[PDB]
Amino acid sequence: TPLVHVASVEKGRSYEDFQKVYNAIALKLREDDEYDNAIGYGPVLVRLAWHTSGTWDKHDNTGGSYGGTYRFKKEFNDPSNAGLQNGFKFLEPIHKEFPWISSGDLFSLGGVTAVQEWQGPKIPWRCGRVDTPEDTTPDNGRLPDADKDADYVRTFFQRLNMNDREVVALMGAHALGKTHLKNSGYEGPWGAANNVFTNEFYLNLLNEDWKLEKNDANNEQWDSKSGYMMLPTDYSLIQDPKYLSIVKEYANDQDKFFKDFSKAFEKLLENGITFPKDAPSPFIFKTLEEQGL
Ligand code: HEM
Ligand SMILES: COc1ccccc1O
């Protein structure tokens, strides 16, 4: 008994319209560069794209990126979403400038733009998510716990139709930002200061000396002498031997990681959506840098 959500292109819009929205996001990312101690809005936008998509349930096609339901009270007030209001607030003037783009399209695009502007891989992106009403908003509790093991992570991701390679690729987005004690009960960055997407998540897991410590919220997290941290679920990826092999593969091949992340992150953002046979192809946006902007 799955819902069907057919992508419907915003009327009359083409690649050049979405490139403009991409440019607006990217220009503001450049501009509001002080946010979160000069980290900027990139990681919170990537987290917003993931959380608005990762409520999906493959079994009945509820949740997912299609409806743009984060805009409603129940979803924005999810404890799992604590802090994401910042990303929503970043995107408000973009929505105000381009009132024609659906919410789900703007949520998902914000993540694609962040990744790409941080010099991550090109993520192909398709339009046509259509806003759905308040009673389509998924219930809280569909996003994953951080305090769990490899078995939990494996099972969890099966609901999002993600296999081991995809799960390991996705998680490497943790290299981007940091946990904030007030949002999640975890504190610190996964890696070095940076304004670039890399494969450092996998390098850190493997090369840092990790100690299992209690943070100020009385929760365990793996801490390193460099000031980095790993969630129990992150650390689970080197405790499970199947995960471990993939961690090593990406730690040793930046291009492989980029390609697999791009594919998985696009799949994540597209789960639950039926695209017509005559839907446009995915768009690959140029970065500001490739445009000389
Ligand atoms: C088992 C899976 C996962 C768990 C338990 C988890 C949990 C968390 C937690 C607790 C935070 C810190 C929240 C805060 O305090 O601000 C965080 C941040 C973040 N997450 Fe994950 N996450 C998971 C998977 C993913 C995936 C699949 C992606 C995207 C591909 C992702 C992207 C991010 C990013 C970019 C941040 C940094 C946000 C910021 O710097 O403000 N995570 N995650
Ligand atoms: C409901 O309006 C919005 C949708 C997506 C991003 C920012 C907004 O203000």
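FYI, it's all coordinate maths here, none of it is from the lab. Heads up, the Cβs are rebuilt from the backbone with ideal geometry, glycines too, and the neighbour counts pull from every protein chain shown.
Taking only Cα atoms, what is the 0 to 90° angle, nearest 10, from helix 15-31's long axis to the longest principal axis of the chain?
40 degrees
Using only alpha carbon pairs under 8 Å that are at least six residues apart, calculate the relative contact order of the chain and give it in whole percent. List each step's numbers first, then the result.
Details: 509 pairs, mean separation 74.4, N = 293.
Relative contact order here is 25 percent.
Once you charge only the Cβ atoms, +1 for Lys and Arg and -1 for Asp and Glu, what is the size of the charge dipole of the range 222-293 about its Cα centre, to the nearest 20 debye?
140 debye
In whole Å, what three semi-axes, largest first, describe the equivalent ellipsoid of the chain built from its Cα gyration tensor (square root of 5 times each eigenvalue)?
The equivalent ellipsoid of the chain has semi-axes of 29, 21, 19 Å.
Could you go through the range 280-293 in sequence order and give the Karplus-derived ³J(HN,Hα) for each residue, using 6.51 cos²θ - 1.76 cosθ + 1.60 with θ = phi - 60°, rounded to whole Hz, and x for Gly and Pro?
So the Karplus estimates, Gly and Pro as x, are x, 5, x, 9, 10, 5, 6, 6, 4, 4, 6, 8, x, 9 Hz.
Taking the Cα centre of each part, how many Å lie between the range 245-293 and the range 72-117?
Comparing the Cα centres of the range 245-293 and the range 72-117, I get a distance of 19 Å.
Using Cα-Cα distances under 8 Å and only pairs 6 or more residues apart, what relative contact order does the range 44-135 have, in percent?
That works out to 39 percent.
Enumerate the whole-percent occupancy of each 5 Å bin, from 0 to the last occupied one, for all C-alpha pair distances of the range 144-264.
Calculated over all Cα pairs of the range 144-264, the distribution is 2, 12, 23, 25, 22, 12, 4, 0 percent.
Quick check on the chain: helices-only [θ] at 222 nm, where DSSP H runs of length 4 and up contribute -39,500 (n - 2.57) each and the sum goes over total residues. Nearest 500, please.
Dividing the helical sum by the residues of the chain leaves -13000 deg cm²/dmol.
From the backbone phi of the range 139-154, what are the Karplus-calculated ³J(HN,Hα) couplings (6.51 cos²θ - 1.76 cosθ + 1.60, θ = phi - 60°) in whole Hz, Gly and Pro given as x?
In residue order, the calculated couplings are 5, 4, x, 9, 8, x, 6, 8, 9, 10, 10, 4, 4, 4, 4, 4 Hz.
Give me the one-decimal nm value for the distance between modelled label points at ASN140 and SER245, 7 Å along each residue's Cα-to-Cβ direction.
Each label point lies 7 Å from its Cα, and together they span 4.0 nm.
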